[PDB]
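Chemist: Next up is a structure, given as structure tokens.
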Amino acid sequence: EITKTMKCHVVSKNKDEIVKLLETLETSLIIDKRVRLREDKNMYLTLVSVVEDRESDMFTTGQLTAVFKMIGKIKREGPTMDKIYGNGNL
Amino acid sequence: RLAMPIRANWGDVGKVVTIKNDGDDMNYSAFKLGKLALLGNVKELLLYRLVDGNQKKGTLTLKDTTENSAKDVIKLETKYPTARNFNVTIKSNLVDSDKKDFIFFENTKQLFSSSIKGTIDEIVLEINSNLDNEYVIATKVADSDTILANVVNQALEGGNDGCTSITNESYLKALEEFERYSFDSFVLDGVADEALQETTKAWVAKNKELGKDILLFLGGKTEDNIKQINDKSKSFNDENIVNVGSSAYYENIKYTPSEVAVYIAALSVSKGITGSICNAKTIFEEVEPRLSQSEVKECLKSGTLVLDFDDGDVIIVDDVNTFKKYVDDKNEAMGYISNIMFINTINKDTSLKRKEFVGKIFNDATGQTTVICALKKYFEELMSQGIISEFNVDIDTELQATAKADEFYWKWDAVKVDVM
Amino acid sequence: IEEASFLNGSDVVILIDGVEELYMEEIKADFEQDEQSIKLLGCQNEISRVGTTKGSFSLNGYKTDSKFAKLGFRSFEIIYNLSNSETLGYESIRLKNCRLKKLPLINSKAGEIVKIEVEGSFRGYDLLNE
Amino acid sequence: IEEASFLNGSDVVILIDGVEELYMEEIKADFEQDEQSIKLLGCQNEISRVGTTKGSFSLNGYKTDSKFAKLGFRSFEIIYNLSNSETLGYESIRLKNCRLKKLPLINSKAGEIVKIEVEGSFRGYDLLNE
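In order, the protein sequences belong to chains V, W, F and Z. To convert, count from 1 in the first sequence and add 1; that's our numbering. To convert, count from 1 in the second sequence and add 6; that's our numbering. To convert, count from 1 in the third sequence and add 11; that's our numbering. To convert, count from 1 in the fourth sequence and add 11; that's our numbering.
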């Protein structure tokens with residue numbers, strides 16, 4: 002399991018635009034509860050929690066804090082029993 | 007399920023058909039050897055017909071007389087192809103001119119008798135669907151309501167007899183067709199020609215590589231004495247192949263050992279794994295040549311299934327196979343036909359296990375242990391049922407040491423209950 | 012490093028008695044059976060058998076209507092679609108002849124949101140998809 | 012994104028025996044029934060039936076009078092108006108023949124506020140509104 006608490010900024014001359022952009026981004030992240038890691042649509046980043054702190058600085062800190070997790074699988078395989086054979090005696 | 011290659015004029019050519027607990031001529035094996043197959047009381051019999059290539063179907067054409075110029079409206083044919091004189095008499099009905107009597111004859115005895123009105127469809131449906139029309143098929147020419155002509159004893163001809171020429175290719179047709187079917191056993195129809203028996207040996211060997219261990223039965227010719235019978239038995243050494251030794255009587259025929267093999271195969275299939283014919287009574291009234299202890303031992307050791315009238319009824323002295331001339335690694339218990347069929351059944355069940363555990367499982371010690379444990383539990387279940395008395399199923403180390411990643415080998419050995 | 016997936020519990024879609032129920036929060040259902048342990052007279056390992064089966068289920072969610080109170084002890088069906096979106100192989104299970112063990116008429120605390128808890132039994136189940 | 016609603020528990024209004032009771036804090040009530048599980052002689056799925064019903068309820072709230080102590084084991088009615096104000100479709104349930112299981116004469120701790128807890132049973136219920 003790989004977890005990341007990724008923080009996001011939004012900058013603009015119009016602060017109300019910052020509020021609107023953060024609102025739509027949050028709603029998108031929530032209603033679509035995961036994100037395509039790559040265009041192959043193999044992996045996904047299932048959301049855990051998205052939180053905004055409007056008081057936080059626009060540039061240094063960043064308004065929106067999101068936590069994503071992903072579950073890998075150890076890449077190991079082995080030989081397979083395609084064919085089985087045996088005889089009978091007494 | 008016994009596959010019988012009937013040398014008969016009756017039955018369908020080139021096709022497999024089954025018959026429930028329900029030919030007739032003594033020359034046709036559908037009744038001469040069909041009776042032998044049925045007397046062993048297999049749950050059902052499956053038939054195949056051997057015929058010369060120069061053999062076709064009989065055809066009779068009939069024409070109307072309602073109009074002045076006669077035209078064909080009905081054509082009649084034998085149910086199966088044949089040249090048999092299946093004669094048909096058609097006359098105008100005594101009361102109504104619109105109804106035509108149809109009297110059918112096997113040769114000349116009255117088989118079916120009825121009259122139907124002038125419409126062709128009713129006549130054809132009657133002639134095809136009535137209970138006594140088992141020996142004819144009738145087909146329409148065209149839609150009509152005219153009235154046939156008067157004809158007596160019209161013989162359907164154009165084909166040939168089913169016993170025209172018993173030859174190697176004609177016999178091999180049966181094996182070629184039976185390749186697409188699986189049976190408990192297959193038998194040869196009396197013809198103790200060693201070429202045919204060797205061809206069937208090769209065919210069954212090919213199936214053994216494929217795994218279809220159809221239990222074969224054969225027999226020597228009427229001209230084989232004890233020496234010839236033993237030599238022919240020694241010629242074969244296969245596990246699933248048998249050579250009945252002595253001729254027999256049931257009603258009237260000196261059935262060859264090969265002809266007797268039909269009833270022997272039926273009994274062997276009927277008995278199943280549970281039943282063994284090593285000391286079982288048989289339907290036959292007598293069998294020759296007779297065998298004393300020395301003759302019995304010589305024939306059994308040579309690989310012959312000995313039948314003797316050693317008591318008030320015929321007795322199969324032992325249920326032995328051509329592998330009774332065994333070799334050192336396999337014990338004499340391998341040489342019993344019931345044991346071989348038992349081995350084949352276990353092979354089929356373990357093949358079901360094989361296709362249960364396909365390569366989804368890894369080729370590691372864990373997967374091998376899983377498969378071996380499944381087989382061990384299967385043999386434990388059989389032992390609980392009582393058939394097995396001991397078992398040891400293990401990794402086939404000799405073949406598994408050189409096994410590639412994809413392939414796995416195993417082997418089983420088990421002791422079985424004896425019957426004296 | 013090849014991918015994997017956890018079936019997130021927020022993908023559940025429950026259709027109770029046909030109509031889609033959208034306030035349910037957690038659902039549980041198990042197919043019980045009596046073990047029927049038998050001690051043999053010769054073997055020292057106890058043996059278990061299927062016996063007879065019995066269903067049991069439960070649901071919790073935010074109350075928005077008197078649906079369950081008005082439903083009474085009537086029999087009804089439950090569908091449970093555990094959708095998977097990382098891989099599209101959803102899973103659907105049907106519970107047959109669901110009947111409430113106890114009708115939750117009233118349950119509420121002053122300083123909290125009103126939630127409805129249900130529990131009962133079902134005659135049999137069907138695995139429509141997997 | 013269309014709206015929804017949670018029935019906040021502070022909207023509950025309980026009229027006990029007609030008079031509006033205004034110190035109650037949490038109320039519970041369920042309509043139990045004996046399952047009467049029957050094992051058929053041919054079918055391996057157990058079957059459940061209504062059997063007979065039994066009521067049970069409870070209330071907790073701040074003590075302000077000896078109302079329940081003086082009431083004794085007399086039968087009485089309870090109304091429960093789970094008002095909804097985001098949507099005006101309130102819900103009202105009536106419990107018939109409520110009887111206390113145990114009279115809570117005294118319950119108090121020195122360093123705490125005195126609360127009264129009640130539990131009992133009711134013969135039947137009516138769903139006046141929903």
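Using N, Cα and C, we set each Cβ at its ideal position, and we do this for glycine too.
#1: Which residues bound the alpha helix (DSSP H) around residue 10 of chain F?
#2: Could you name the residues of the segment 74-89 of chain V whose beta carbon sits closer than 9 Å to any beta carbon of chain W, in the order they occur along the chain?
#3: Measuring CB atoms only, is the segment 202-212 of chain W touching the segment 266-283 of chain W, in the sense that at least three cross pairs come out at less than 8 Å?
#4: Is the Cβ of F/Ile-90 closer than 8 Å to any Cβ of chain Z?
#5: For F/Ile-25, which residues in chain V fall below 7 Å Cβ to Cβ?
#6: Using a Cβ-Cβ distance under 8 Å, would F/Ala-15 count as near chain V?
#7: Tell me the rounded alpha-carbon separation between W/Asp-419 and V/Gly-89.
#8: Considering only residues of the same chain and omitting the five flanking positions on each side of W/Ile-25, which have a CB-CB separation below 6 Å?
#9: Around the Cβ of W/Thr-356, are there at least 16 other Cβ atoms within 10 angstroms (buried) or fewer (exposed)?
#10: Apart from the five residues on each side of it in sequence, which residues of its chain come closer than 6 Å, Cβ to Cβ, to W/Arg-360?
#11: With contact counted as at least three CB pairs below 8 Å, one residue from each stretch, are the segment 113-130 of chain Z and the segment 48-57 of chain Z in contact?
#12: Alpha carbon to alpha carbon, how far is Z/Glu-141 from Z/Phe-84?
#13: Start and end of the beta strand (DSSP E) containing residue 450 of chain W?
#14: Exposed or buried, which one is V/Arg-55 when buried takes at least 16 other CB atoms within 10 Å?
#15: Mind checking if V/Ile-72 is an interface residue toward chain F, Cβ cutoff 8 Å exclusive?
#16: CB-CB under 8 Å to F/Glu-43, same chain, minus the five flanking residues each way: which ones, in chain order?
#17: When Cβ atoms are compared, which residues of the segment 39-63 of chain Z fall closer than 8 Å to chain F?
#18: Quick one: does Z/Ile-104 have its CB under 8 Å from some CB of chain F?
#19: Pick out whichever of W/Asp-107, W/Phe-329, W/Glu-112 has its Cα sitting closest to the Cα of W/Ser-119.
#20: Let's test the definition: count the other Cβ atoms within 10 Å of the Cβ of W/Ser-150 and tell me whether it reaches 16, buried, or not, exposed.
#21: Note down, in chain order, each residue of its chain lying with its Cβ closer than 7 Å to the Cβ of W/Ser-171, except the 5 sequence neighbours on either side.
#22: What residues from chain W crowd round V/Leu-91, counting only those whose CB sits closer than 8 Å?
#23: Have a look at W/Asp-78 and W/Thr-351 and give me their C-alpha separation to the nearest angstrom.
#24: CA-CA distance, W/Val-248 and W/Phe-348?
#25: With a Cβ-Cβ cutoff of 8 Å, do W/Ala-36 and W/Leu-53 count as a contact?
#26: Quick one, are the C-beta atoms of V/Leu-30 and V/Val-49 less than 8 Å apart?
#27: How many Å lie between W/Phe-397 and W/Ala-371 at the Cα?
#28: Please report the distance separating the alpha-carbon of W/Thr-173 from that of W/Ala-144.
#29: What ranges does the alpha helix (DSSP H) occupy inside the segment 235-322 of chain W, keeping only unbroken runs of at least 4 residues that lie completely in it?
#30: By the criterion of Cβ-Cβ separation under 9 Å, what are the contact partners of F/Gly-100 in chain Z?
#31: Look up W/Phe-414 in the DSSP assignment and give the residues it is bridged to.
#32: Give the residues of chain Z in contact with F/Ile-124, contact being defined as C-beta atoms less than 8 Å apart.
#33: Rounded to whole angstroms, what's the CA-CA distance from F/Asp-28 to F/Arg-105? Just pull it up for me.
#34: Alpha carbon to alpha carbon, what distance is there between W/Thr-310 and W/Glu-301?
#35: Taking W/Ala-254 and V/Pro-80 to be in contact with their CB atoms under 8 Å, please state how far apart those CB atoms are, rounded to whole angstroms.
#36: By the three-class DSSP mapping on this structure, what secondary structure does W/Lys-383 have?
Modeler: In this structure, then:
#1: Since the first residue shown for chain F is 12 and the last is 141, residue 10 of chain F is missing from the structure and cannot be characterised.
#2: Taking 9 Å as the Cβ-Cβ cut-off against chain W, the residues of the segment 74-89 of chain V that qualify are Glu-78, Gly-79, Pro-80, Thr-81, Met-82, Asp-83, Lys-84, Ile-85, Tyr-86, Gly-87, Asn-88, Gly-89.
#3: Judged by pairs of C-beta atoms under 8 Å, the segment 202-212 of chain W does not touch the segment 266-283 of chain W, as fewer than three such pairs exist.
#4: Here residue 90 of chain F refers to the residue found at position 79 of the third sequence. No, F/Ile-90 does not count as interfacial toward chain Z.
#5: On the third sequence, residue 25 of chain F is found 14 positions in, with the first residue counted as 1. The contacting residues do not exist; F/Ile-25 stays about 18 Å from chain V at best.
#6: Within the third sequence, numbered from 1, the residue matching residue 15 of chain F stands at position 4. So yes, F/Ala-15 belongs to the interface.
#7: Position 413 of the second sequence, counting from 1, holds the residue named residue 419 of chain W. Position 88 of the first sequence, counting from 1, holds the residue named residue 89 of chain V. Their Cα atoms are separated by approximately 6 Å.
#8: By one-based count along the second sequence, residue 25 of chain W stands at place 19. Closer than 6 Å at Cβ, skipping near neighbours: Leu-51.
#9: Translated into positions along the second sequence, residue 356 of chain W becomes position 350. Per the 10 Å Cβ criterion, buried.
#10: Position 354 of the second sequence, counted from the start, is the residue given in the question as residue 360 of chain W. Excluding positions up to five away in sequence, the list is empty.
#11: Judged by Cβ distances under 8 Å, the segment 113-130 of chain Z makes no contact with the segment 48-57 of chain Z, as fewer than three pairs qualify.
#12: Stepping through the fourth sequence from its first residue, residue 141 of chain Z is reached at position 130. Stepping through the fourth sequence from its first residue, residue 84 of chain Z is reached at position 73. Approximately 30 Å, taken between the alpha carbons.
#13: Outside the displayed span of chain W (7 to 426) sits residue 450 of chain W, for which this structure offers no information.
#14: Residue numbering aside, residue 55 of chain V sits at position 54 when the first sequence is read from its first letter. Counting C-beta atoms within 10 angstroms of its own C-beta, V/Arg-55 has fewer than 16 neighbours from the protein chains shown and is therefore classed as exposed.
#15: By 1-based counting over the first sequence, the position of residue 72 of chain V is 71. The beta-carbon of V/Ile-72 is placed less than 8 Å from the nearest beta-carbon of chain F.
#16: Here residue 43 of chain F is taken as the residue at index 32 of the third sequence, counted from 1. Excluding sequence neighbours, F/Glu-43 sits near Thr-64, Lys-65, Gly-66, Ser-67.
#17: Listed by position, the residues of the segment 39-63 of chain Z near chain F (Cβ gap below 8 Å) are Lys-39, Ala-40, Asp-41, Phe-42, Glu-43, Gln-44, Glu-46, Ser-48, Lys-50, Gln-55, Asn-56, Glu-57, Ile-58, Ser-59, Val-61.
#18: By one-based count along the fourth sequence, residue 104 of chain Z stands at place 93. For Z/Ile-104, at least one C-beta of chain F is nearer than 8 Å to its own C-beta.
#19: The residue labelled residue 119 of chain W in the question sits at position 113 within the second sequence. When C-alpha distances from W/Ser-119 are compared across W/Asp-107, W/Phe-329, W/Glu-112, the shortest belongs to W/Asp-107.
#20: For the purposes of this step, residue 150 of chain W is taken as residue 144 along the second sequence, with counting starting at 1. Taking all protein chains shown into account, W/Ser-150 has 16 or more neighbouring C-beta atoms within 10 Å of its C-beta and is therefore buried.
#21: Locating residue 171 of chain W in the second sequence gives position 165, counting from the first residue. Once the five neighbours on either side are set aside, the close Cβ partners of W/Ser-171 are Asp-58.
#22: One-based indexing of the first sequence puts residue 91 of chain V at position 90. The answer, in chain order, is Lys-336, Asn-337, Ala-339, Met-340, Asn-345, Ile-349, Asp-419, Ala-420, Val-421, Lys-422.
#23: For the purposes of this step, residue 78 of chain W is taken as the residue at position 72 of the second sequence. For the purposes of this step, residue 351 of chain W is taken as the residue at position 345 of the second sequence. A direct Cα-Cα distance of roughly 57 Å separates W/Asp-78 from W/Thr-351.
#24: Here residue 248 of chain W refers to the residue found at position 242 of the second sequence. Here residue 348 of chain W refers to the residue found at position 342 of the second sequence. Pairing W/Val-248 with W/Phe-348, the inter-Cα distance amounts to about 16 Å.
#25: In the second sequence, the residue the question calls residue 36 of chain W occupies position 30. In the second sequence, the residue the question calls residue 53 of chain W occupies position 47. Between W/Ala-36 and W/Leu-53, the C-beta gap is smaller than 8 Å, which places the two residues in contact.
#26: Stepping through the first sequence from its first residue, residue 30 of chain V is reached at position 29. Stepping through the first sequence from its first residue, residue 49 of chain V is reached at position 48. Contact check for V/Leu-30 against V/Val-49 fails: the beta carbons are separated by 8 Å or more.
#27: For the purposes of this step, residue 397 of chain W is identified with residue 391 of the second sequence, where counting begins at 1. For the purposes of this step, residue 371 of chain W is identified with residue 365 of the second sequence, where counting begins at 1. Distance between the alpha carbons of W/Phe-397 and W/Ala-371: 21 Å.
#28: The count along the second sequence starts at 1 and reaches residue 173 of chain W at position 167. The count along the second sequence starts at 1 and reaches residue 144 of chain W at position 138. Going from the Cα of W/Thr-173 to the Cα of W/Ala-144 covers about 32 Å.
#29: List check, alpha helix (DSSP H) in window: 263-277, 299-307.
#30: In the third sequence, residue 100 of chain F corresponds to position 89, counting from 1. Near F/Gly-100 there are no residues of chain Z at all, since even the closest Cβ is about 29 Å away, more than 9 Å.
#31: Locating residue 414 of chain W in the second sequence gives position 408, where the first residue counts as 1. Per the DSSP secondary-structure output, W/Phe-414 pairs in a beta bridge with V/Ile-85.
#32: Translated into the one-based positions of the third sequence, residue 124 of chain F becomes position 113. Neighbours of F/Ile-124 on chain Z, chain order: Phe-17, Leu-18, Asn-19, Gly-20.
#33: Here residue 28 of chain F refers to the residue found at position 17 when the third sequence is read from its first residue. Here residue 105 of chain F refers to the residue found at position 94 when the third sequence is read from its first residue. Cα-Cα distance, rounded: 10 Å.
#34: For the purposes of this step, residue 301 of chain W is identified with residue 295 of the second sequence, where counting begins at 1. For the purposes of this step, residue 310 of chain W is identified with residue 304 of the second sequence, where counting begins at 1. Approximately 11 Å between the Cα atoms of the pair.
#35: Residue 254 of chain W sits at position 248 when you count from the first residue of the second sequence. Residue 80 of chain V sits at position 79 when you count from the first residue of the first sequence. That belief does not hold up - the Cβ atoms of W/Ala-254 and V/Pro-80 are roughly 57 Å apart, past 8 Å.
#36: What you label residue 383 of chain W is simply residue 377 of the second sequence in a count that begins at 1. Reduced to three states, the DSSP call for W/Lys-383 is helix.
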